[PDB]
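The structure appears right after this line, and notes come after that.
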Amino acid sequence: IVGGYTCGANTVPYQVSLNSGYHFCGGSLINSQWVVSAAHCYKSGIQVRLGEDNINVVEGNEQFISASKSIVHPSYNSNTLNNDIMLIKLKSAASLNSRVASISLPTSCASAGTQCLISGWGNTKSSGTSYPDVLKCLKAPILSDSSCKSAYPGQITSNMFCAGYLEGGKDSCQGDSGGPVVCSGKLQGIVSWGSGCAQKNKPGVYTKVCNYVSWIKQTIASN
Ligand SMILES: CN1CCC[C@@H](O/N=C/c2ccc(C(=N)N)cc2)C1
Ligand SMILES: [Ca+2]
């Protein structure tokens with residue numbers, strides 16, 4: 001996260017870190033056994049880390065649970081990033097309390113102008129590279145589809161939306177991938193892609209989660 005703020009320990013209780021020896025992606029806990037992330041975060045040997053603040057220090061509220069299976073969206077295209085969404089099942093159910101909690105799926109799509117909270121342990125610099133140890137947060141509005149398409153000609157599908165600031169300086173970044181965009185207590189987006197980070201006229205592009213609620217529910221129901 002570039003241009004954001006320190007969230008505060010366990011203030012984002014649905015935020016997970018995906019770990020394969022090191023943090024490599026965020027995700028969102030949607031029930032005791034399932035995490036939603038980006039398909040571009042797919043890899044084998046994922047351990048899900050819940051209750052994290054400092055990802056380099058054991059602080060007392062962590063749950064580390066290995067993934068038993070990953071399900072990349074059937075229509076994911078890694079070249080265009082269309083359908084950039086993946087489900088991860090935990091080997092055992094997480095213990096849910098105030099610091100580790102699921103986030104609700106949306107029942108309808110959000111609108112341009114809605115304020116959302118974007119979070120993760122990604123790069124904090126728009127030019128260089130600095131990775132934080134504690135969770136960073138950014139409040140950002142959903143942008144109109146027209147301005148999103150204008151920023152990224154020929155690249156924005158019906159399964160994507162832009163959020164952030166066309167002036168630059170405030171954005172998600174590398175390492176935030178797969179993490180949440182939460183708007184009025186609903187998971188509306190997943191950190192997907194962008195040109196660099198926090199660049200002028202290049203806002204963050206997010207997977208449009210409301211399009212996938214049917215698929216998520218039916219997948220969970222049978223797996
Ligand atoms: C570190 N890796 C490995 C995975 C592939 C790629 O992930 N990049 C994600 C990204 C980039 C930019 C933005 C943004 N500006 N909002 C948001 C997300 C680079
Ligand atoms: Ca920790």
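For the structure tokens, the naming scheme is as follows: chains receive sequential letters (A, B, ...) according to their order of presentation, residues are indexed from 1 within each chain, and ligands are indexed from 1 in presentation order.
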List every residue of chain A that has an atom at most 9 Å from any atom of ligand 2, giving for each one its closest atom pair and the distance in Å to one decimal, counting only C-alpha atoms and all ligand atoms, sorted by chain and then by ascending residue number, as JSON lines.
```
{"residue": "A:49", "atom": "CA", "partner": "ligand 2", "partner_atom_place_in_ligand_line": "1 (Ca)", "distance": 8.5}
{"residue": "A:50", "atom": "CA", "partner": "ligand 2", "partner_atom_place_in_ligand_line": "1 (Ca)", "distance": 8.9}
{"residue": "A:51", "atom": "CA", "partner": "ligand 2", "partner_atom_place_in_ligand_line": "1 (Ca)", "distance": 7.5}
{"residue": "A:52", "atom": "CA", "partner": "ligand 2", "partner_atom_place_in_ligand_line": "1 (Ca)", "distance": 4.7}
{"residue": "A:53", "atom": "CA", "partner": "ligand 2", "partner_atom_place_in_ligand_line": "1 (Ca)", "distance": 5.3}
{"residue": "A:54", "atom": "CA", "partner": "ligand 2", "partner_atom_place_in_ligand_line": "1 (Ca)", "distance": 4.4}
{"residue": "A:55", "atom": "CA", "partner": "ligand 2", "partner_atom_place_in_ligand_line": "1 (Ca)", "distance": 4.3}
{"residue": "A:56", "atom": "CA", "partner": "ligand 2", "partner_atom_place_in_ligand_line": "1 (Ca)", "distance": 5.7}
{"residue": "A:57", "atom": "CA", "partner": "ligand 2", "partner_atom_place_in_ligand_line": "1 (Ca)", "distance": 4.4}
{"residue": "A:58", "atom": "CA", "partner": "ligand 2", "partner_atom_place_in_ligand_line": "1 (Ca)", "distance": 4.1}
{"residue": "A:59", "atom": "CA", "partner": "ligand 2", "partner_atom_place_in_ligand_line": "1 (Ca)", "distance": 5.1}
{"residue": "A:60", "atom": "CA", "partner": "ligand 2", "partner_atom_place_in_ligand_line": "1 (Ca)", "distance": 7.4}
{"residue": "A:61", "atom": "CA", "partner": "ligand 2", "partner_atom_place_in_ligand_line": "1 (Ca)", "distance": 7.6}
{"residue": "A:62", "atom": "CA", "partner": "ligand 2", "partner_atom_place_in_ligand_line": "1 (Ca)", "distance": 6.3}
{"residue": "A:133", "atom": "CA", "partner": "ligand 2", "partner_atom_place_in_ligand_line": "1 (Ca)", "distance": 8.8}
{"residue": "A:134", "atom": "CA", "partner": "ligand 2", "partner_atom_place_in_ligand_line": "1 (Ca)", "distance": 8.4}
```
Which residues of chain A have any atom within 7 Å of an atom in ligand 1 when counting only C-alpha atoms and all ligand atoms, and what is the closest pair of atoms for each, with the distance in Å to one decimal? Order the rows by chain and rising number and write it as CSV.
```
residue,atom,partner,partner_atom_place_in_ligand_line,distance
A:40,CA,ligand 1,4 (C),6.4
A:41,CA,ligand 1,4 (C),6.7
A:171,CA,ligand 1,16 (N),5.3
A:172,CA,ligand 1,16 (N),4.1
A:173,CA,ligand 1,13 (C),4.1
A:174,CA,ligand 1,1 (C),4.3
A:175,CA,ligand 1,1 (C),5.4
A:176,CA,ligand 1,18 (C),6.1
A:177,CA,ligand 1,9 (C),5.0
A:191,CA,ligand 1,18 (C),5.5
A:192,CA,ligand 1,18 (C),5.0
A:193,CA,ligand 1,18 (C),3.9
A:194,CA,ligand 1,15 (N),3.7
A:195,CA,ligand 1,15 (N),5.5
A:196,CA,ligand 1,15 (N),5.2
A:197,CA,ligand 1,15 (N),3.7
A:198,CA,ligand 1,15 (N),6.0
A:203,CA,ligand 1,16 (N),6.1
A:204,CA,ligand 1,16 (N),3.3
A:205,CA,ligand 1,16 (N),5.8
```
Among the residues of stretch 98-144 of chain A, find those DSSP assigns to strand (DSSP E or B) from the backbone and print them as JSON, numbers by chain. {"A": [104, 115, 116, 117, 118, 119, 120, 136, 137, 138, 139, 140, 141, 142]}
Please provide as a ChimeraX atom specification all residues within 7 Å of stretch 185-187 of chain A, with the sequence filter that same-chain residues fewer than 3 positions apart are discarded (counting only C-alpha atoms). /A:103-106,180-182,209
How about saving the chosen residues, C-alpha atoms kept, as a PDB file, in the first residue's frame?
```pdb
ATOM      1  CA  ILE A 103     -16.062 -10.746   5.882  1.00  0.00           C
ATOM      2  CA  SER A 104     -19.523 -10.797   4.233  1.00  0.00           C
ATOM      3  CA  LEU A 105     -19.932 -11.346   0.490  1.00  0.00           C
ATOM      4  CA  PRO A 106     -21.894  -8.615  -1.294  1.00  0.00           C
ATOM      5  CA  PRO A 180      -9.444  -7.139   0.181  1.00  0.00           C
ATOM      6  CA  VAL A 181     -11.356  -4.121  -0.988  1.00  0.00           C
ATOM      7  CA  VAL A 182     -14.167  -3.824   1.586  1.00  0.00           C
ATOM      8  CA  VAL A 209     -16.387  -9.770  -6.481  1.00  0.00           C
TER       9      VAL A 209
END
```
Show me, as a list in words, the residues that have an atom within 7 Å of residue A:201 when counting only C-alpha atoms, minus same-chain residues fewer than 4 positions from it.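 Here the answer would be residues 151, 166, 167 and 168 of chain A.
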File dump, residues just selected, N, CA and C atoms, as a compact mmCIF listing (two decimals), in the first residue's frame:
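Everything below was put into out.txt:
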```
# COMPACT_ATOMS: atom_id res chain seq x y z
N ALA A 151 -8.47 5.24 -18.45
CA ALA A 151 -7.14 5.11 -17.87
C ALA A 151 -6.41 3.93 -18.48
N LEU A 166 -6.90 9.37 -9.25
CA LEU A 166 -6.31 9.63 -10.56
C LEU A 166 -5.09 10.58 -10.48
N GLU A 167 -5.01 11.36 -9.40
CA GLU A 167 -3.85 12.22 -9.17
C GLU A 167 -2.59 11.44 -8.78
N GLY A 168 -2.76 10.18 -8.38
CA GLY A 168 -1.62 9.35 -7.96
C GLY A 168 -1.27 9.55 -6.49
```
Nearby residues (only C-alpha atoms) at most 10 Å from residue A:69, same-chain spacing under 6 positions excluded, as a PyMOL selection string: chain A and resi 34+44-46+87-91+223
Can those selected residues be exported to a file as a PDB file, in the first residue's frame so that it contains C-alpha atoms?
```pdb
ATOM      1  CA  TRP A  34     -12.408 -20.587   3.060  1.00  0.00           C
ATOM      2  CA  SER A  44       1.144 -24.995  -4.336  1.00  0.00           C
ATOM      3  CA  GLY A  45       2.185 -25.296  -0.655  1.00  0.00           C
ATOM      4  CA  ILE A  46       0.186 -22.353   0.669  1.00  0.00           C
ATOM      5  CA  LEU A  87     -10.756 -19.901  -3.522  1.00  0.00           C
ATOM      6  CA  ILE A  88      -8.518 -21.559  -0.932  1.00  0.00           C
ATOM      7  CA  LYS A  89      -9.850 -24.130   1.554  1.00  0.00           C
ATOM      8  CA  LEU A  90      -8.168 -24.490   4.961  1.00  0.00           C
ATOM      9  CA  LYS A  91      -7.135 -27.939   6.267  1.00  0.00           C
ATOM     10  CA  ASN A 223     -16.049 -28.728  -1.705  1.00  0.00           C
TER      11      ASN A 223
END
```
Report the residues of stretch 55-196 of chain A whose backbone DSSP state falls under helix (DSSP H, G or I), written as a short mmCIF file (atom, residue, chain, number, x, y, z; two decimals) with N, CA, C and O atoms, in the first residue's frame.
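Heads up, here's the output in selection08.cif:
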```cif
data_model
loop_
_atom_site.label_atom_id
_atom_site.label_comp_id
_atom_site.auth_asym_id
_atom_site.auth_seq_id
_atom_site.Cartn_x
_atom_site.Cartn_y
_atom_site.Cartn_z
N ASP A 145 -16.72 3.49 -14.21
CA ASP A 145 -16.25 2.57 -15.24
C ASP A 145 -15.64 3.36 -16.43
O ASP A 145 -14.63 3.00 -16.94
N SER A 146 -16.23 4.49 -16.76
CA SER A 146 -15.76 5.28 -17.90
C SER A 146 -14.35 5.80 -17.66
O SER A 146 -13.50 5.73 -18.56
N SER A 147 -14.09 6.29 -16.45
CA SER A 147 -12.75 6.79 -16.14
C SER A 147 -11.75 5.64 -16.02
O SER A 147 -10.57 5.80 -16.37
N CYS A 148 -12.22 4.48 -15.55
CA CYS A 148 -11.40 3.27 -15.46
C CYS A 148 -10.96 2.85 -16.87
O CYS A 148 -9.77 2.64 -17.15
N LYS A 149 -11.94 2.76 -17.78
CA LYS A 149 -11.66 2.38 -19.18
C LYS A 149 -10.77 3.40 -19.90
O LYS A 149 -9.91 3.03 -20.70
N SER A 150 -10.97 4.69 -19.61
CA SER A 150 -10.12 5.75 -20.17
C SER A 150 -8.67 5.66 -19.70
O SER A 150 -7.75 5.97 -20.46
N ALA A 151 -8.47 5.24 -18.45
CA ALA A 151 -7.14 5.11 -17.87
C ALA A 151 -6.41 3.93 -18.48
O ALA A 151 -5.19 3.98 -18.68
#
```
Which residue out of A:108, A:121, A:99, A:217 has the minimum interatomic distance to residue A:22 when only C-alpha atoms are used? A:121
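Distances to residue A:169 were evaluated for A:65, A:115, A:33, A:124 using only C-alpha atoms, and the minimum falls at A:124.
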When you count only C-alpha atoms, which of these residues is closest to residue A:163: A:126, A:112, A:26, A:135? A:112
Have a look at A:165, A:42, A:215, A:24 and name the one nearest to residue A:199; count only C-alpha atoms.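 So, comparing all the options, the nearest one is A:165.
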Nearest-residue call for residue A:161, choices A:113, A:74, A:13, A:122, using only C-alpha atoms: A:113
Tell me, in Å to one decimal, how far atom CA of residue A:31 is from atom CA of residue A:157.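 Distance between the two atoms: 28.0 Å.
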Neighbour list for residue A:5 as an MDAnalysis selection string, cut-off 7 Å, only C-alpha atoms, skip fewer than 3 positions in-chain: chainID A and resid 136:138
Using Å and a single decimal, report how far atom CA of residue A:158 sits from atom CA of residue A:43. 25.8 Å
